[PDB]
Amino acid sequence: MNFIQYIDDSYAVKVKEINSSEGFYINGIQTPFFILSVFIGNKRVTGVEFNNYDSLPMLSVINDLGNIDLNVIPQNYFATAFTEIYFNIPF
Amino acid sequence: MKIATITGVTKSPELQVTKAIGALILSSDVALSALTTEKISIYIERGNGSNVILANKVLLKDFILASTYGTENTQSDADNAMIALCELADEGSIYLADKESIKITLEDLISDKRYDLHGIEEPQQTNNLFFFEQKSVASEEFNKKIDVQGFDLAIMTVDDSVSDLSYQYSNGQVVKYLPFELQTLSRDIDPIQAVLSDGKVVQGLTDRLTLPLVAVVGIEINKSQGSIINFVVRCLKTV
Amino acid sequence: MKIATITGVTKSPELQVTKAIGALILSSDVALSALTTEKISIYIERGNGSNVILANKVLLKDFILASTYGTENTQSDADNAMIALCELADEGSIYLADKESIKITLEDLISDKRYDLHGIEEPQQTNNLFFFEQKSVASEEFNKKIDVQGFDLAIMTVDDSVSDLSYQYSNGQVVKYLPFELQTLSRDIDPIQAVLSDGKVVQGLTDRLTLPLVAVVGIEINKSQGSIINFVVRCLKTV
Amino acid sequence: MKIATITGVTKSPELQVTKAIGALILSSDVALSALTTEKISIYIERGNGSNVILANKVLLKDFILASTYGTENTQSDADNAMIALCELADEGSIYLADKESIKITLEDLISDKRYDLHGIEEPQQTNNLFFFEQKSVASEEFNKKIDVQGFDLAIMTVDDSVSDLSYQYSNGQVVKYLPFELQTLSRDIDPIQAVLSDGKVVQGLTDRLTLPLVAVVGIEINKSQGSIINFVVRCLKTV
């Protein structure tokens, strides 16, 4: 079970599954979102990156393992809705 | 003042403006109808967070169309193939107190194209600012209703899969429109959209429509599956 | 909504409209300057009182030019070579109570051309209506004086026989103009009359002139014998 | 009424008009961009008193560009390659009291070109008139400051040596402008300057710039040596 934890526009934590066909990709959020964490095989992974989307803040948030505070990230870093994001997980 | 010039790279750096400006002049050697993917992002950094967002990765074509509606239109020269003056304040210019700065970023630029950004100063100060917002549809549902109260201008994408557009006004009346009637009504307030360098004039983009919203509280889209319909709405409010 | 599409016949069938439409959209593949004999007739049949005759066999060119004066102008697209939006009410739409209905017909068309009719509704209803009338000056008359009080716009056919035309205003002053001066004054209000498909604008017709009548209570025409002159006048009144 | 037609000669005679006219109509077979050195001088002559000088050897190009800024523009026909209407009073015709006449002179004309003059009168008489003044910045000097208080429109020559133009407003604020930004702002009010005969529209002149001044009390020109910078300002006042 591969799934991502992300916050919507209203700063609410939600979980969405990942489609593993022809790679790892996510789409159809329907709202501005900021990806928080990625889980592959019911475990937390680090060192992931996007091969088509350039966004340092989400990479920095994902790669850190400790608990984070949602009061430090502004609305600027939020990605636009209906965005196709691909994952490159090391293995 | 000359804010920046971008050539070669596919992404502009984080451009910072400190003095008070009220309008942005965007110039390029690429025509208005040839803009495909370039996006802009403008915000004001008030301090320890709580920054004010005026545009978040808004398409350049929609940003230009939503700001040059009315008597004015995009310009052309013998050196620049597209010039557009987009205002950011109602009457004067944005006011920064102690450390606020205006940060502007360009994304998805073309490698072999040139862009230039200039800022216009004003002798006045104001707190009424323009805000851009984006709305979309799931592309897997036939119809959808959105609320457009407060917004005074919208830019909608144009596709052959859109059948009906329903307008709900403040008095409760509901009026149904076809795309042809919508375009005809749109081209009745702003007959000319752009003037080319050679001398020809283009009266409308082939895949974008500008809708003025007066006393309109709801918009219903009746379409067919297979495409994503995008609306970019512009509003004015006090920060 | 879509009213009718005419193709092949030389006389459109009588068309009945029950919904309270506010304006008409005329679209065709014939250019605005290429219309020769097409005529329109619109009238409202009322079950309480008397029928209201808005247009009684008015030429299509004059009817289109009467409605597109000001900032609006007739446009064109890829499919349609001529698109015009003609208003029938002041601000709202025609009020129909129970069964009174609008009836529109087209006459003297061309077999190998295409015409369409579209209707535009409004959220509000009004009793202010637009009326079109025709005045004629015979071929054997050297001069003729007409009362244009209450009118606000006229369309005349430019002819070489017309020598002078005199306005008589409310204050009593009489001012004489030549055709060249009249055309120059007319083009100072609406510089552009239409936009073609290839991007070239046309600022006026070679055989039609549009005169805005502001605070004018009389029109005198002085010409030479040989040709007939036709004026198409527009007015607004509450029924 | 028609005033005069000039051809063959290089200097028009001092034409006298006794009828109270409100505006002039200038027509010629040369385009607005092709005017090089023609000059116009208009004044009001009193039999017993002091003359009223409106324009004194003002360039015809600057006169036309000053008088045709706004919604209108300069048009063209088959016979005439340039037609322009220039206002002399505010909302009427100049009032001649006892022994007043209007003297008009054209000088520095081309031998093989035709220049016509027409007069337009109004049913109202007013005391407000338009005055044209000329200012210059030499070529051997670097920067200059000119007081433009009381005026509402200026026309400046365009050269590739002007660096900065600074506006000082009525509240003491100082705003610096680049020539490109100033041109873009100027075209933001009047998108189109002239319409050609074929159909193409020209949105500006390569060696002239029109500056609408609102609540501006000072203009500072900063440039380099090499050319003379000419300004033509227009004002309205009562005589």
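Residues numbered from 1 in each chain as written, not as in the entry; some residues may be left out. Chains lettered and ligands numbered in written order. Part of a larger assembly, values for the part shown. Heavy atoms only, no water.

A. Here's a closer look at the relation of the copies chain B and chain C. The operation relating chain B to chain C is a screw motion whose rotation component is 120 degrees, with 0.3 Å of axial translation and a residual RMSD of 0.8 Å. Those values place the two copies in the arrangement expected of a three-fold rotation axis. In terms of proximity to the rotation axis, the leading residue of chain B is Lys200 of chain B, whose C-alpha is 3.5 Å off the axis. When the interface residues of chain B are mapped onto chain C, a mere 6% of them are again interface residues, pointing to distinct binding faces. (Least-squares fit on C-alpha atoms. Contact = heavy atoms within 4.5 Å.)

B. Region of interest: the interface of chain B and chain C. On the side of chain C, 22 residues touch chain B, which itself brings 18 residues to the contact. Together, the buried faces of chain B and chain C total about 1800 Å²; carbon and sulfur atoms form 60% of this surface. Taken together, the links from chain B to chain C amount to one salt bridge. Its salt-bridge partner being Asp77 of chain C, residue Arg187 of chain B comes within 2.6 Å of it at the nearest N-O pair. Summed over the shared surface of chain B and chain C, the result is six residue pairs in polar contact. Put simply, the parts of the chain that give the side of chain B that touches chain C at least two residues each are strand 13 (174-177) and helix 2 (179-186) of chain B. (Buried area = accessible area lost by both parts, 1.4 Å probe. Salt bridge = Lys/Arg side-chain N within 4 Å of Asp/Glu carboxyl O. Polar contact = N/O pair within 3.5 Å; in protein donor to acceptor, adjacent residues only side chain to side chain. Helix = DSSP H or I, 4+ residues; strand = E, 2+ residues; numbered from the N terminus.)

C. Examining the pairing of strand 3 (residues 23-28) of chain D more closely. All names here are of chain D. Of all six residues that make up strand 3, six are buried, and the element is covered over most of its length. Where burial is concerned, the two faces of strand 3 agree: the one with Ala23, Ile25 and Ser27 and the one with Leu24, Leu26 and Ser28 are both buried. Pairing analysis gives six bridges linking strand 3 to strand 9 (residues 115-120), with the strands arranged antiparallel. Across the sheet, residue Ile25 finds its bridge partner in strand 9, namely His118. Examined bridge by bridge, strand 3 and strand 6 (residues 82-87) share six bridges and lie antiparallel to one another. From the neighbouring strand, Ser28 faces strand 6, where its bridge partner is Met82. (Buried < 20%, exposed > 50% of the residue type's maximum accessible area, 1.4 Å probe, protein only. Pairing = 2+ DSSP bridges.)

D. Representation of the relation of the copies chain D and chain B within the structure. Superposing chain D onto chain B takes a rotation of 120 degrees plus a shift of 0.0 Å along the axis, which leaves an RMSD of 0.6 Å. An asymmetric contact is evident, with only 11% of the interface residues of chain D recurring at the interface of chain B.

E. The side chain of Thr184 of chain B, seen in detail. Note on placement: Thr184 of chain B falls in helix 2. The class of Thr184 of chain B is buried, set by a relative accessible area of 1%. Dropping the residues within four chain positions of it, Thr184 of chain B is found in contact with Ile25, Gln75, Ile83 and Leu85 of chain C.

F. Inspection of unusual backbone geometry at higher detail. In this structure, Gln30 of chain A takes a positive phi of about 75 degrees despite not being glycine. On the basis of relative accessibility, which here comes to 48%, the residue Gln30 of chain A falls in the partly exposed class. Even without a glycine there, the phi angle at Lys57 of chain B is positive, about 55 degrees. Along the chain, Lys57 of chain B turns up in strand 5 (residues 52-59). Owing to a relative accessible area of 16%, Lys57 of chain B belongs among the buried residues under this scheme.

G. Focus on helix 1 (residues 60-67) of chain D. With respect to burial, helix 1 of chain D is a largely interior element, eight of its eight residues being buried. Every buried residue of helix 1 of chain D is listed here: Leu60, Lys61, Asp62, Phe63, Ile64, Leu65, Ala66 and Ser67 of chain D.

H. The arrangement of the sheet that holds strand 12 (residues 143-147) of chain D in detail. Residue and element names in this part refer to chain D. The four strands are arranged 12-19-14-15 in an open sheet whose pairing can be described as antiparallel. Only two strands of the sheet have a single partner each, and these edge strands are strand 12 and strand 15 (174-177). Averaged over all pairs of adjacent strands, the angle between strand axes in this sheet comes to 20 degrees, irrespective of strand direction. As paired strands, strand 12 and strand 19 (residues 216-223) are joined by five bridges and run antiparallel to one another. Considered in strand 19, the bridge of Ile146 is made with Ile219. (Axes fitted to C-alpha atoms, helices over the stretch in contact; angles between N-to-C directions.)

I. Inspection of the nonpolar core at higher detail. If you look at the biggest cluster of nonpolar residues, it comprises 70 residues, and the most contacted ones within it are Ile64, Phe132, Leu165, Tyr167, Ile219 and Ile221 of chain D. Aside from chain neighbours lying at most four places away, what touches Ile221 of chain D is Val137, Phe142, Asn143, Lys144, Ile146, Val162, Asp164, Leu165 and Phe231 of chain D. Listed in part, the 65 residues of the second largest apolar core include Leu60, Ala84, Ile146 and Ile221 of chain B. (Core = buried A, V, L, I, M, F, W, Y, C linked by side-chain atoms within 4.5 Å.)

J. Representation of the packing of aromatic side chains within the structure. Residues and elements named next belong to chain D. Tallied over the entire structure, the rule returns 15 aromatic pairs over all chains. Measuring from ring centre to ring centre gives 5.4 Å for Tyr167 and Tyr177, while their planes differ by 75 degrees; the resulting arrangement is edge-to-face. Here the residue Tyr167 occupies a position in strand 14 (residues 162-169), and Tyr177 occupies one in strand 15, the gap between them amounting to ten residues. A relative accessible area of 5% places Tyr167 in the buried class. Exposure remark for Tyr177: the relative accessible area of 5% places this residue in the buried category. (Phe/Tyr/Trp six-rings, centres within 6.5 Å; stacked < 30°, edge-to-face > 60°.)

K. Seen up close, the pattern of salt bridges. Enumeration according to the criterion identifies 34 salt bridges over all chains in this entry. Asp198 of chain D serves as the salt-bridge partner of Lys200 of chain D, at 3.9 Å between the closest nitrogen and oxygen. Judged by its relative accessible area of 44%, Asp198 of chain D is partly exposed. Salt bridges sharing common partners tie together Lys61, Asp62, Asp207 and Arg208 of chain B.

L. How the structure looks around the interface of chain D and chain B. Between chain D and chain B, the residue contacts involve 18 residues of the former and 25 residues of the latter. Between chain D and chain B, the buried area comes to about 1800 Å², and carbon and sulfur atoms account for 57% of it. Contact with chain B buries surface across chain D, with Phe180, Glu181 and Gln203 of chain D losing the most and accounting together for 29% of the total. Along the contact surface separating chain D from chain B lie one salt bridge. Of all the elements in the fold, those that place two or more residues in the side of chain D that touches chain B are strand 15 and helix 2 (179-187) of chain D. Residue contributions to the side of chain D that touches chain B peak at six residues, all from helix 2 of chain D.

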